[PDB]
>>> print(open('structure-v6.txt').read())   # compact mmCIF, C-alpha atoms and all ligand atoms
# COMPACT_ATOMS: atom_id res chain seq x y z
CA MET A 1 66.53 3.06 -2.34
CA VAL A 2 65.56 6.75 -2.51
CA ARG A 3 65.46 9.08 0.51
CA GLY A 4 65.61 6.03 2.78
CA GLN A 5 62.45 4.69 1.14
CA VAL A 6 61.95 1.58 -1.00
CA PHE A 7 61.47 2.30 -4.72
CA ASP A 8 61.38 -1.24 -6.10
CA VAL A 9 61.06 -0.83 -9.89
CA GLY A 10 64.02 -2.72 -11.35
CA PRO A 11 65.33 -4.25 -13.39
CA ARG A 12 63.44 -2.56 -16.26
CA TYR A 13 63.74 0.88 -14.64
CA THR A 14 67.11 2.02 -13.27
CA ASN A 15 69.16 5.14 -12.50
CA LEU A 16 66.55 6.65 -10.17
CA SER A 17 66.38 10.35 -9.39
CA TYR A 18 64.13 12.10 -6.88
CA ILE A 19 61.66 14.67 -8.18
CA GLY A 20 59.14 15.27 -5.43
CA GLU A 21 56.81 13.98 -2.75
CA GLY A 22 53.38 14.97 -1.46
CA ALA A 23 49.81 13.74 -1.00
CA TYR A 24 49.90 12.04 -4.38
CA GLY A 25 52.82 9.86 -3.29
CA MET A 26 56.48 10.05 -4.28
CA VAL A 27 57.66 10.81 -7.83
CA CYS A 28 61.08 9.93 -9.34
CA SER A 29 62.53 9.86 -12.82
CA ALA A 30 64.08 6.62 -14.10
CA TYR A 31 65.82 5.23 -17.15
CA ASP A 32 63.51 2.84 -18.97
CA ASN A 33 65.79 0.13 -20.37
CA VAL A 34 63.16 -1.33 -22.67
CA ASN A 35 62.35 2.03 -24.33
CA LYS A 36 65.77 3.68 -23.92
CA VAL A 37 64.29 6.89 -22.49
CA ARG A 38 63.84 8.45 -19.06
CA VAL A 39 60.34 8.25 -17.57
CA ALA A 40 58.50 9.46 -14.44
CA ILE A 41 57.35 6.97 -11.80
CA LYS A 42 54.88 7.69 -9.02
CA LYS A 43 54.88 5.42 -5.99
CA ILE A 44 51.53 5.20 -4.18
CA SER A 45 50.68 3.29 -0.98
CA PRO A 46 46.87 3.50 -0.63
CA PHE A 47 45.67 0.22 0.79
CA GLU A 48 45.23 1.23 4.46
CA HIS A 49 42.71 4.02 3.78
CA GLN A 50 39.39 3.70 1.97
CA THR A 51 39.57 7.18 0.38
CA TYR A 52 43.11 6.66 -0.98
CA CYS A 53 42.03 3.36 -2.50
CA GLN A 54 39.15 5.21 -4.15
CA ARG A 55 41.39 7.87 -5.64
CA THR A 56 44.06 5.42 -6.79
CA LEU A 57 41.55 3.22 -8.61
CA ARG A 58 39.81 6.31 -9.95
CA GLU A 59 43.04 7.77 -11.32
CA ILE A 60 44.07 4.48 -12.90
CA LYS A 61 40.67 3.82 -14.50
CA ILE A 62 40.37 7.37 -15.86
CA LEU A 63 43.91 7.70 -17.21
CA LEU A 64 43.85 4.25 -18.83
CA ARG A 65 40.66 5.22 -20.63
CA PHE A 66 41.74 8.73 -21.65
CA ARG A 67 43.94 9.38 -24.66
CA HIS A 68 44.76 13.00 -25.42
CA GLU A 69 47.90 15.05 -26.18
CA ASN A 70 47.26 17.38 -23.23
CA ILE A 71 46.51 14.69 -20.66
CA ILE A 72 49.15 12.56 -18.96
CA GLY A 73 48.92 8.87 -19.81
CA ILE A 74 49.90 5.71 -17.97
CA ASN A 75 52.74 3.79 -19.68
CA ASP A 76 53.11 0.93 -17.21
CA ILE A 77 52.16 -0.09 -13.68
CA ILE A 78 54.38 -2.07 -11.30
CA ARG A 79 53.04 -4.08 -8.38
CA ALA A 80 53.59 -7.41 -6.62
CA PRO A 81 52.52 -10.67 -8.31
CA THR A 82 50.22 -11.50 -5.37
CA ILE A 83 47.46 -9.35 -3.85
CA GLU A 84 48.75 -10.26 -0.39
CA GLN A 85 52.24 -8.95 -1.21
CA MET A 86 50.87 -5.80 -2.88
CA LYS A 87 51.47 -2.84 -0.55
CA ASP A 88 52.67 -0.27 -3.09
CA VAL A 89 51.78 0.71 -6.65
CA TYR A 90 54.19 2.40 -9.05
CA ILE A 91 52.62 4.27 -11.95
CA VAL A 92 54.96 4.98 -14.87
CA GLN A 93 54.26 8.12 -16.93
CA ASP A 94 55.95 10.35 -19.52
CA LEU A 95 58.78 12.42 -18.09
CA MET A 96 58.13 16.12 -18.51
CA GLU A 97 60.59 18.93 -17.79
CA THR A 98 58.76 20.91 -15.13
CA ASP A 99 55.39 22.06 -13.82
CA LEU A 100 53.68 25.42 -14.13
CA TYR A 101 54.08 26.02 -10.41
CA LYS A 102 57.87 25.96 -10.63
CA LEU A 103 57.88 27.90 -13.88
CA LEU A 104 55.71 30.72 -12.50
CA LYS A 105 57.62 30.88 -9.23
CA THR A 106 60.70 32.27 -10.98
CA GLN A 107 60.12 32.79 -14.74
CA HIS A 108 58.41 35.56 -16.72
CA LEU A 109 55.99 34.50 -19.48
CA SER A 110 55.33 36.58 -22.59
CA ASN A 111 51.73 37.04 -23.72
CA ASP A 112 52.26 34.55 -26.55
CA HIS A 113 53.32 31.88 -24.03
CA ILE A 114 50.41 32.60 -21.72
CA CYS A 115 48.06 32.35 -24.69
CA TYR A 116 49.42 28.97 -25.85
CA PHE A 117 49.51 27.49 -22.32
CA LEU A 118 45.89 28.50 -21.68
CA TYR A 119 44.79 27.02 -25.00
CA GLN A 120 46.37 23.67 -24.16
CA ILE A 121 44.79 23.66 -20.70
CA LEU A 122 41.36 24.34 -22.19
CA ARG A 123 41.87 21.90 -25.05
CA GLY A 124 42.64 19.17 -22.52
CA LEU A 125 39.78 20.31 -20.27
CA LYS A 126 37.38 20.09 -23.24
CA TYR A 127 38.28 16.40 -23.58
CA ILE A 128 37.90 15.73 -19.82
CA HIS A 129 34.50 17.43 -19.62
CA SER A 130 33.40 15.67 -22.83
CA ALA A 131 34.05 12.42 -20.98
CA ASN A 132 31.65 13.62 -18.27
CA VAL A 133 34.49 14.04 -15.76
CA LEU A 134 35.30 16.86 -13.33
CA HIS A 135 38.98 17.16 -12.46
CA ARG A 136 38.28 19.09 -9.24
CA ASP A 137 41.88 19.93 -8.40
CA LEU A 138 43.41 21.93 -11.26
CA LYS A 139 46.37 24.01 -10.12
CA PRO A 140 49.82 25.03 -11.40
CA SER A 141 51.59 22.06 -9.88
CA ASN A 142 49.55 19.56 -11.87
CA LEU A 143 50.13 21.20 -15.24
CA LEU A 144 53.28 19.61 -16.60
CA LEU A 145 55.39 21.24 -19.28
CA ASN A 146 58.29 20.25 -21.47
CA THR A 147 61.06 22.25 -23.15
CA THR A 148 58.97 22.98 -26.25
CA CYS A 149 56.06 24.42 -24.24
CA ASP A 150 53.81 21.41 -24.65
CA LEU A 151 51.46 21.02 -21.70
CA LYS A 152 49.84 17.99 -20.01
CA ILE A 153 47.28 17.81 -17.19
CA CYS A 154 47.98 15.22 -14.51
CA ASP A 155 46.85 14.16 -11.01
CA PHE A 156 43.30 12.79 -11.36
CA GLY A 157 42.97 11.29 -7.89
CA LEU A 158 40.24 13.71 -6.90
CA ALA A 159 38.39 13.42 -10.21
CA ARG A 160 34.70 12.48 -10.42
CA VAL A 161 32.02 11.64 -12.95
CA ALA A 162 29.93 14.78 -13.44
CA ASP A 163 26.61 13.52 -12.02
CA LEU A 164 36.27 18.02 1.32
CA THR A 165 38.20 18.33 3.57
CA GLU A 166 41.32 16.19 3.56
CA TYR A 167 44.70 17.90 3.65
CA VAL A 168 45.63 19.46 0.30
CA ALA A 169 48.77 21.47 -0.45
CA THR A 170 46.74 24.44 -1.70
CA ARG A 171 43.11 25.60 -1.73
CA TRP A 172 43.76 28.81 -3.72
CA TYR A 173 42.33 27.48 -7.02
CA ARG A 174 39.03 26.21 -5.56
CA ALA A 175 35.73 27.76 -6.73
CA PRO A 176 33.60 29.60 -4.14
CA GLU A 177 30.91 26.85 -4.38
CA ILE A 178 33.43 24.25 -3.22
CA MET A 179 34.84 26.01 -0.19
CA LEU A 180 31.39 27.09 0.88
CA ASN A 181 30.75 23.32 0.94
CA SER A 182 27.88 23.57 -1.54
CA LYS A 183 26.34 20.30 -2.63
CA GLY A 184 25.52 20.33 -6.32
CA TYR A 185 28.59 21.84 -7.96
CA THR A 186 29.43 21.17 -11.63
CA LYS A 187 31.97 21.43 -14.47
CA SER A 188 32.18 25.16 -13.86
CA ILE A 189 34.45 24.54 -10.83
CA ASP A 190 37.24 23.58 -13.25
CA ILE A 191 36.72 26.79 -15.22
CA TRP A 192 37.22 28.80 -12.03
CA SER A 193 40.48 26.98 -11.37
CA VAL A 194 41.63 27.71 -14.91
CA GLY A 195 40.77 31.36 -14.41
CA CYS A 196 42.88 31.44 -11.25
CA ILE A 197 45.77 29.84 -13.20
CA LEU A 198 45.43 32.38 -16.00
CA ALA A 199 45.59 35.21 -13.44
CA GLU A 200 48.70 33.67 -11.96
CA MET A 201 50.43 33.44 -15.38
CA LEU A 202 49.67 37.14 -15.96
CA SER A 203 51.27 38.33 -12.72
CA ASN A 204 53.35 35.47 -11.33
CA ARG A 205 51.38 35.56 -8.11
CA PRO A 206 48.26 33.79 -6.86
CA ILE A 207 45.16 35.93 -7.30
CA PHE A 208 43.15 34.61 -4.31
CA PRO A 209 45.61 33.39 -1.69
CA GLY A 210 44.65 33.16 1.98
CA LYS A 211 45.10 31.06 5.12
CA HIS A 212 41.60 29.57 5.27
CA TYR A 213 38.47 29.62 3.12
CA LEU A 214 37.26 32.70 5.03
CA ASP A 215 40.46 34.59 4.31
CA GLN A 216 40.24 33.35 0.70
CA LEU A 217 36.67 34.55 0.38
CA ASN A 218 37.76 37.98 1.62
CA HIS A 219 40.36 38.03 -1.13
CA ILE A 220 37.75 37.03 -3.72
CA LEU A 221 35.20 39.60 -2.56
CA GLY A 222 37.99 42.19 -2.46
CA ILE A 223 38.39 41.85 -6.21
CA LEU A 224 35.03 40.72 -7.63
CA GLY A 225 33.00 42.86 -5.23
CA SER A 226 30.20 41.85 -2.88
CA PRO A 227 28.05 38.94 -4.07
CA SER A 228 24.30 39.43 -4.58
CA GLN A 229 21.78 37.06 -3.00
CA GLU A 230 21.51 35.33 -6.37
CA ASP A 231 25.25 34.63 -6.38
CA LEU A 232 24.52 32.79 -3.13
CA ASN A 233 21.41 30.80 -4.09
CA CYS A 234 23.20 27.46 -3.65
CA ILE A 235 22.45 25.00 -0.83
CA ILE A 236 25.08 26.25 1.62
CA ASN A 237 25.57 26.90 5.31
CA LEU A 238 22.97 29.49 6.13
CA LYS A 239 25.21 31.05 8.79
CA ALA A 240 28.03 31.16 6.23
CA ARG A 241 25.71 32.66 3.61
CA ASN A 242 24.50 35.09 6.29
CA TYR A 243 28.07 36.01 7.22
CA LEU A 244 28.95 36.77 3.61
CA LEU A 245 25.84 38.92 3.11
CA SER A 246 26.74 40.81 6.29
CA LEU A 247 30.24 41.92 5.31
CA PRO A 248 31.07 45.58 4.49
CA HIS A 249 30.28 46.27 0.81
CA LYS A 250 33.18 45.93 -1.66
CA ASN A 251 33.22 47.35 -5.18
CA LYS A 252 34.64 45.39 -8.11
CA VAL A 253 38.26 46.17 -8.95
CA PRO A 254 38.64 46.76 -12.72
CA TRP A 255 40.74 43.92 -14.17
CA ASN A 256 43.01 46.37 -16.00
CA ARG A 257 43.75 48.02 -12.65
CA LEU A 258 44.95 44.70 -11.26
CA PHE A 259 46.67 43.71 -14.52
CA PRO A 260 47.79 46.96 -16.22
CA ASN A 261 50.07 45.15 -18.69
CA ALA A 262 47.92 42.21 -19.75
CA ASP A 263 46.36 41.68 -23.20
CA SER A 264 42.84 43.19 -23.07
CA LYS A 265 41.45 40.06 -24.72
CA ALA A 266 43.09 37.89 -22.01
CA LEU A 267 41.39 40.02 -19.35
CA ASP A 268 37.99 39.77 -21.11
CA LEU A 269 38.26 35.98 -20.94
CA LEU A 270 39.61 36.11 -17.40
CA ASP A 271 36.53 38.04 -16.38
CA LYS A 272 34.15 35.40 -17.78
CA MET A 273 35.99 32.59 -15.99
CA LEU A 274 36.17 34.25 -12.57
CA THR A 275 32.49 34.99 -12.10
CA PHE A 276 31.21 34.20 -8.63
CA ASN A 277 27.92 32.70 -9.81
CA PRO A 278 28.80 29.33 -11.40
CA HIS A 279 25.78 29.46 -13.72
CA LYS A 280 27.11 32.66 -15.29
CA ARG A 281 30.63 31.32 -15.73
CA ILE A 282 31.90 30.67 -19.29
CA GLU A 283 31.96 27.02 -20.48
CA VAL A 284 35.05 25.42 -22.00
CA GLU A 285 33.84 25.39 -25.64
CA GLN A 286 32.92 29.09 -25.45
CA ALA A 287 36.25 29.79 -23.77
CA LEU A 288 38.13 28.03 -26.60
CA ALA A 289 36.18 30.18 -29.08
CA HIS A 290 37.05 33.44 -27.28
CA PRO A 291 38.97 35.97 -29.42
CA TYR A 292 41.95 35.66 -27.08
CA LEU A 293 42.53 32.15 -28.37
CA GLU A 294 41.60 32.60 -32.04
CA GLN A 295 45.12 32.10 -33.38
CA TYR A 296 45.01 28.54 -31.94
CA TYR A 297 41.26 27.75 -32.13
CA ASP A 298 40.51 24.70 -34.31
CA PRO A 299 37.32 22.64 -33.67
CA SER A 300 38.58 19.96 -36.08
CA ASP A 301 41.64 19.58 -33.83
CA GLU A 302 39.99 19.57 -30.42
CA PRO A 303 38.96 15.95 -29.88
CA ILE A 304 36.34 14.75 -27.43
CA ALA A 305 36.14 11.46 -25.54
CA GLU A 306 35.21 8.45 -27.66
CA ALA A 307 33.66 6.69 -24.67
CA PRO A 308 32.32 9.27 -22.17
CA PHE A 309 32.68 8.04 -18.62
CA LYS A 310 30.37 5.80 -16.62
CA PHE A 311 31.90 3.80 -13.70
CA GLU A 312 30.41 3.48 -7.93
CA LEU A 313 33.38 3.12 -5.60
CA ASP A 314 32.29 5.39 -2.75
CA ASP A 315 30.36 2.55 -1.12
CA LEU A 316 32.97 -0.20 -1.51
CA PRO A 317 35.04 -1.61 1.38
CA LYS A 318 38.77 -1.06 0.86
CA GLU A 319 39.37 -4.79 0.46
CA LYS A 320 36.98 -4.80 -2.51
CA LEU A 321 38.75 -1.73 -3.90
CA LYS A 322 42.15 -3.42 -3.45
CA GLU A 323 40.78 -6.38 -5.40
CA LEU A 324 39.61 -4.07 -8.18
CA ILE A 325 42.98 -2.29 -8.25
CA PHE A 326 44.70 -5.66 -8.44
CA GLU A 327 42.46 -6.62 -11.39
CA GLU A 328 42.91 -3.28 -13.19
CA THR A 329 46.70 -3.50 -13.01
CA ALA A 330 46.77 -7.15 -14.12
CA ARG A 331 47.25 -6.33 -17.81
CA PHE A 332 50.61 -4.72 -17.02
CA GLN A 333 52.09 -7.78 -15.31
CA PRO A 334 54.53 -9.93 -17.25
CA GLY A 335 52.93 -11.48 -19.03
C1 LIG A 401 50.81 17.06 -8.21
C2 LIG A 401 51.30 16.27 -9.43
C3 LIG A 401 52.36 15.24 -9.01
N1 LIG A 401 52.69 14.44 -10.19
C4 LIG A 401 53.67 14.71 -11.09
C5 LIG A 401 53.64 13.71 -12.03
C6 LIG A 401 54.51 13.61 -13.23
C7 LIG A 401 54.37 12.76 -14.28
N2 LIG A 401 55.35 12.98 -15.20
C8 LIG A 401 56.17 14.00 -14.76
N3 LIG A 401 57.23 14.59 -15.28
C9 LIG A 401 57.84 15.56 -14.63
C10 LIG A 401 57.37 15.99 -13.39
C11 LIG A 401 58.08 17.10 -12.72
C12 LIG A 401 57.42 17.97 -11.85
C13 LIG A 401 58.15 18.99 -11.26
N4 LIG A 401 59.44 19.14 -11.52
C14 LIG A 401 60.08 18.34 -12.34
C15 LIG A 401 59.44 17.30 -12.97
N5 LIG A 401 56.29 15.44 -12.86
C16 LIG A 401 55.68 14.45 -13.52
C17 LIG A 401 52.61 12.82 -11.68
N6 LIG A 401 52.05 13.25 -10.58
>>> encode(input="structure-v6.txt", output="structure tokens", more="lines below")
Ligand SMILES: CCCn1cc(-c2c[nH]c3ncc(-c4ccncc4)nc23)cn1
Amino acid sequence: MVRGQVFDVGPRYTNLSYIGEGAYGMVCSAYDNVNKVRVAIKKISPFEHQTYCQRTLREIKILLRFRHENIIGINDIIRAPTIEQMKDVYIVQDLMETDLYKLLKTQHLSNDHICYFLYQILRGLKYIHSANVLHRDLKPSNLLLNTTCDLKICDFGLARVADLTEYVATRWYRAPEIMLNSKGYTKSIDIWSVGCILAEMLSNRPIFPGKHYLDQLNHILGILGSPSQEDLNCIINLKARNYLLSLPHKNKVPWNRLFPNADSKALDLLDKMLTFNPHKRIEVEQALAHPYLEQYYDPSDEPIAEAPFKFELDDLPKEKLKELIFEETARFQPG
């Protein structure tokens, strides 16, 4: 019933309107008749593939456990009464106005707006990391905003407990560790992504675009300068590490040269987030306490996860995952 595709969510949810489609599934807005408000609904069809089943169950488990102002919640979940009839899952969430991707594509943000958006991203990230979770895919299109500039992080399908390469729409926010296929990356990958997002808010253009990870790395080296051997002490492809060390030397571009109109405090924080070496990268608590954010900083108002996360699903056959998804969504069935 939308774009020639079945969106079977009535009778509670009616007046459907298309929002978007992508790897995450298809998202519409709908009128919730029980709550008398419009909501967002994501349709997902994961049961054929083992990795989609993983991500679906992971997203559901995480978001049902999380509760934070700057993290999207799950309001309801629609699926068939029988596991045999279940082919699709519809996840109902708060309807926001837009995402940061669309906002940045056409709108200018004042420094005060950039400051408040970044605070909310980091405040949410603090909660996620406190739950021992890596998001792993932060980017402008999964930062949702409403009219009053409130921000929520969504899209936790790629998330993981903190102890690829499928298709993705964009790789521009991925830390160097990730796209050098390093094994043993940590929370600091999310800080890199946030740094990339901050840069994009400052200029309305991606800081490290590129057609493949090699082109992206050239962009990164073109700004940060050549990496030392210590920057590359991870377990990574030796030929890839050797290629990087072999490139013509690049000097660091001063941040104020790239961003001549930015707040100097913003750029000082930006610098600490976009450090090549992940060990030297600022952590989220320190970032929140940076002078750039001091007008918003409040440790008594930056909650952490009550029950930090402990699940493994990697090893499970999809039919066992399907079962677990069926069980996890049972509480939302009438009744
Ligand atoms: C890659 C993330 C896909 N995703 C978006 C949502 C979502 C939940 N509530 C929303 N409210 C509004 C919008 C939205 C976005 C753009 N333009 C308009 C409206 N999106 C959502 C969930 N998953």
>>> residues_near_ligand(input="structure-v6.txt", ligand="ligand LIG 401 (chain A)", cutoff="10 Å", atoms="all atoms listed in the file", output="ChimeraX atom specification")
/A:18-29,38-43,72-74,91-103,137-146,152-157,169
>>> residues_around(input="structure-v6.txt", residues="residue 133 (chain A)", least_positions_apart="5", cutoff="8 Å", atoms="all atoms listed in the file", output="PyMOL selection string")
chain A and resi 128+159-162+187+309
>>> residues_near_point(input="structure-v6.txt", point="(42.6, 26.3, -32.3)", cutoff="10 Å", atoms="only C-alpha atoms", output="PyMOL selection string")
chain A and resi 116+119-120+123+288-289+293-302
>>> residues_around(input="structure-v6.txt", residues="residue 35 (chain A)", least_positions_apart="3", cutoff="12 Å", atoms="all atoms listed in the file", output="NGL selection string")
:A and (12-13 or 30-32 or 38-39 or 75-76 or 94)
>>> residues_near_point(input="structure-v6.txt", point="(22.8, 22.5, -2.2)", cutoff="10 Å", atoms="only C-alpha atoms", output="list in words")
residues 177, 181, 182, 183, 184, 185, 233, 234, 235, 236 and 237 of chain A
>>> atom_distance(input="structure-v6.txt", atom1="CA of residue 62 (chain A)", atom2="CA of residue 320 (chain A)")
18.4 Å
>>> closest_residue(input="structure-v6.txt", among="A:255, A:292, A:172, A:311", to="residue 269 (chain A)", atoms="all atoms listed in the file")
A:292
>>> closest_residue(input="structure-v6.txt", among="A:10, A:303, A:4, A:291", to="residue 71 (chain A)", atoms="all atoms listed in the file")
A:303
>>> closest_residue(input="structure-v6.txt", among="A:266, A:244, A:206, A:44", to="residue 59 (chain A)", atoms="only C-alpha atoms")
A:44
>>> atom_distance(input="structure-v6.txt", atom1="CA of residue 88 (chain A)", atom2="CA of residue 316 (chain A)")
19.8 Å
>>> atom_distance(input="structure-v6.txt", atom1="CA of residue 201 (chain A)", atom2="CA of residue 259 (chain A)")
11.0 Å
>>> closest_residue(input="structure-v6.txt", among="A:56, A:107, A:333, A:5", to="residue 200 (chain A)", atoms="all atoms listed in the file")
A:107
>>> residues_around(input="structure-v6.txt", residues="residue 175 (chain A)", least_positions_apart="6", cutoff="8 Å", atoms="all atoms listed in the file", output="list in words")
residues 189, 190, 192 and 193 of chain A
>>> closest_residue(input="structure-v6.txt", among="A:53, A:220, A:304, A:78", to="residue 11 (chain A)", atoms="all atoms listed in the file")
A:78
>>> decode(input="structure-v6.txt", residues="region 189-266 of chain A", atoms="C-alpha atoms", output="short mmCIF file (atom, residue, chain, number, x, y, z; two decimals), in the first residue's frame")
data_model
loop_
_atom_site.label_atom_id
_atom_site.label_comp_id
_atom_site.auth_asym_id
_atom_site.auth_seq_id
_atom_site.Cartn_x
_atom_site.Cartn_y
_atom_site.Cartn_z
CA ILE A 189 35.64 4.84 16.41
CA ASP A 190 32.41 6.63 17.41
CA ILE A 191 34.39 9.71 18.46
CA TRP A 192 35.96 9.86 15.00
CA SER A 193 32.52 9.74 13.42
CA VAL A 194 31.34 12.54 15.68
CA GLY A 195 34.38 14.58 14.69
CA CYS A 196 33.53 14.08 11.01
CA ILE A 197 29.94 15.23 11.74
CA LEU A 198 31.17 18.30 13.59
CA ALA A 199 33.38 19.20 10.61
CA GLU A 200 30.41 18.81 8.32
CA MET A 201 28.23 21.12 10.46
CA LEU A 202 30.97 23.77 10.33
CA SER A 203 31.23 23.81 6.54
CA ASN A 204 28.17 22.01 5.15
CA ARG A 205 30.41 19.58 3.32
CA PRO A 206 31.92 16.20 4.18
CA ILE A 207 35.48 16.52 5.43
CA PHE A 208 36.82 13.15 4.19
CA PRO A 209 34.78 12.13 1.15
CA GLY A 210 36.15 9.72 -1.44
CA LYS A 211 35.18 6.85 -3.75
CA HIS A 212 36.91 4.03 -1.85
CA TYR A 213 38.83 3.65 1.40
CA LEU A 214 42.07 4.41 -0.47
CA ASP A 215 40.70 7.66 -1.84
CA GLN A 216 39.30 8.41 1.64
CA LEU A 217 42.66 7.76 3.25
CA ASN A 218 44.25 10.19 0.79
CA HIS A 219 41.74 12.79 1.89
CA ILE A 220 42.51 12.09 5.56
CA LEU A 221 46.28 12.22 5.08
CA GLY A 222 45.82 15.38 3.02
CA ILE A 223 44.50 17.16 6.09
CA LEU A 224 46.01 15.44 9.15
CA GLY A 225 49.38 14.88 7.50
CA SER A 226 51.36 11.68 7.08
CA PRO A 227 50.91 9.11 9.86
CA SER A 228 53.91 7.96 11.89
CA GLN A 229 54.66 4.26 12.36
CA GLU A 230 53.05 4.50 15.79
CA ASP A 231 49.81 5.76 14.25
CA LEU A 232 49.91 2.47 12.33
CA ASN A 233 50.79 0.02 15.11
CA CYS A 234 47.46 -1.81 14.79
CA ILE A 235 47.10 -5.34 13.41
CA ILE A 236 46.43 -4.39 9.79
CA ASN A 237 47.28 -5.48 6.27
CA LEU A 238 51.03 -5.21 6.10
CA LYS A 239 50.90 -4.31 2.39
CA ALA A 240 48.30 -1.65 3.23
CA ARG A 241 50.40 -0.36 6.11
CA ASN A 242 53.41 -0.45 3.77
CA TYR A 243 51.50 1.45 1.08
CA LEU A 244 50.54 4.19 3.53
CA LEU A 245 54.10 4.55 4.82
CA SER A 246 55.30 4.80 1.21
CA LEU A 247 53.16 7.75 0.13
CA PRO A 248 54.64 11.23 -0.53
CA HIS A 249 54.86 13.16 2.75
CA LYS A 250 51.94 15.49 3.59
CA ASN A 251 52.03 18.27 6.17
CA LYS A 252 49.11 18.93 8.50
CA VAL A 253 46.70 21.61 7.32
CA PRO A 254 45.96 24.06 10.17
CA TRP A 255 42.30 23.68 11.17
CA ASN A 256 41.73 27.44 11.02
CA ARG A 257 42.93 27.36 7.41
CA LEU A 258 40.26 24.81 6.56
CA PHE A 259 37.64 26.48 8.78
CA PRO A 260 38.47 30.22 8.83
CA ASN A 261 35.09 31.18 10.33
CA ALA A 262 34.64 28.52 13.01
CA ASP A 263 34.72 29.09 16.79
CA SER A 264 38.33 28.48 17.91
CA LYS A 265 37.07 26.33 20.79
CA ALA A 266 35.07 24.18 18.30
#
